[PDB]
Structures are given as C-alpha cells and as structure tokens.
C-alpha cells in the first residue's frame, strides 16, 4: 500500500504573519495523522511551550499517558498528563514510549547525537520519533545584520544523525518561506509580537535591510525542517 516518493512545492501566498509558528505545528500534525495510528498509549513532548502542538495532539490522537517537557510550565484527564520540567538534556526520559514529538525546540539543543541516544533507548521497537526544527537559513536576515542566531543542522546532517543513531526515516522535508514586510520596522514588530526577540544601531539596522528589499517588501526567512522517523527495524 505504501510507496516511496520525492516532492517539490512552490507558490506565492498571503500570511497573517502573526500565525507563522502555529501553522508549523499544524503542518507537523498533518504528517502525524498520515503515518501514525489514531490510538497511542504513551507519548513524550519536548519543548511544549504554550501548548499549540499539545492541543493539536490530543484532539487528533487518543493517548493514555502524556509527558510534557519544557523549561517552564506555561501551557495554561489530568493524572494522565505529567510534567517533566528543566533542560531536557539534563533529564532522564520516560521509558517504553510509543512516540516522542517535538516542535520548534530541537534547534536549542547543544548535543543532538547524545540526545538521540536517549530517544532510542526510551522508545519501543518501531517507536515513532517525529519533530519539527529549523534549517540554516532560519531568520538569516537577523543573523547577518546583528551577528546573532543559532548554528542549524541541514537535512543531510539530520539524515546521517538519525541513521547513525539507529533510526529509520519515513519522512524528511524542508521549506524556505520568505515573508515580505512593508518596512524593516514591521519586521522587528513581528519578532516581538511572536516572541522571538543605541538609537544609532536601530536606524543603521534599517539602512542595511535594503540588501533584503525585494519588489514585494523586505524579506524575513523561516526555514522549518520536518521529519518522521521510526526506531530500529
């Protein structure tokens, strides 16, 4: 019934711009409904944040045991949802899991190979490891003009890291989405309103943004990476 495929998409659109991060969770949840069965028993979410993915998880899947992880419990049955709080690279994973899901969080990790060792041991055989992260061009306009940002993995780094850690890969995709704001100030407004973020430096930042001024506006790039994976066989 299943058939391997390669795909490539492109188009021009309009976005509410304040919605960008929740729609990434919506796209990841579509991939979960595709591959994973409706019913699962034990699930572990890393970096749950405000809970945009968790509410999509519970309303689309039937899970009995749910473990939520983040540095803070800002998500506001109940004995079925338990709280593991702290840096996930410091904590011991819940065991015998059907699925580990993460959304927009793995880019903050310092030692991903070691963390994927914890993913392997905690998961059952053919247990699901599904996550969304970001590639090297995510918010690269801010990286060039301010010298700040994360060093991201690309698709080949993830591929050779999951295979070397003993994971079979079912889905591995990436996307580059350029938003075009009217002026460089609206770019900063979007970053504050979505929570990502001298007077000399401010307008000097607005001067150099002309290097990113296209016919439609000043560009801001999001580079989400999507992956669906299974353990061992």
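Residue numbers count along the first chain shown, from 1.
Peer 1: Do any residues of the deposited sequence lie unmodelled between residue 76 and residue 77, and which range holds their number: none, 1 to 3, 4 to 9, or 10 or more?
Peer 2: Gap size class: 4 to 9 residues without coordinates, per the record.
Peer 1: Counting only residues of the deposited sequence, how many between residue 197 and residue 198 have no atoms in the entry (none, 1 to 3, 4 to 9, 10 or more)?
Peer 2: According to the record, 4 to 9 deposited residues lack coordinates from residue 197 to residue 198.
Peer 1: Can you tell me whether 136-144 has a higher mean C-alpha B factor than 78-86 in this record, or the other way round?
Peer 2: 78-86 has the higher mean C-alpha B-factor.
Peer 1: Higher average CA B factor in the deposited record is what I'm after, so tell me if that's 100-108 or 67-75.
Peer 2: Averaged over C-alpha atoms, the B-factors run higher in 67-75.
Peer 1: Consider only the C-alpha atoms of the modelled residues in this chain, order them by B-factor as the entry records it, and name the third containing residue 150: lowest, middle or highest.
Peer 2: Ranked within chain, residue 150 CA B lands in the lowest tercile.
Peer 1: Among the chain's modelled residues, which third holds the C-alpha B-factor of residue 208?
Peer 2: Middle third of the chain for residue 208's C-alpha B-factor.
Peer 1: Place residue 29 in the lowest, middle or highest third of its chain's C-alpha B-factors, as listed in the PDB entry.
Peer 2: Tercile = middle for this residue's CA B-factor.
Peer 1: Ranking every modelled residue in this chain by its Cα temperature factor as given in the entry, which third contains residue 44?
Peer 2: CA B-factor rank for residue 44: lowest third.
Peer 1: Relative to the other modelled residues of the same chain, rank the CA B-factor of residue 175 and answer lowest, middle or highest third.
Peer 2: It falls in the bottom third of the chain.
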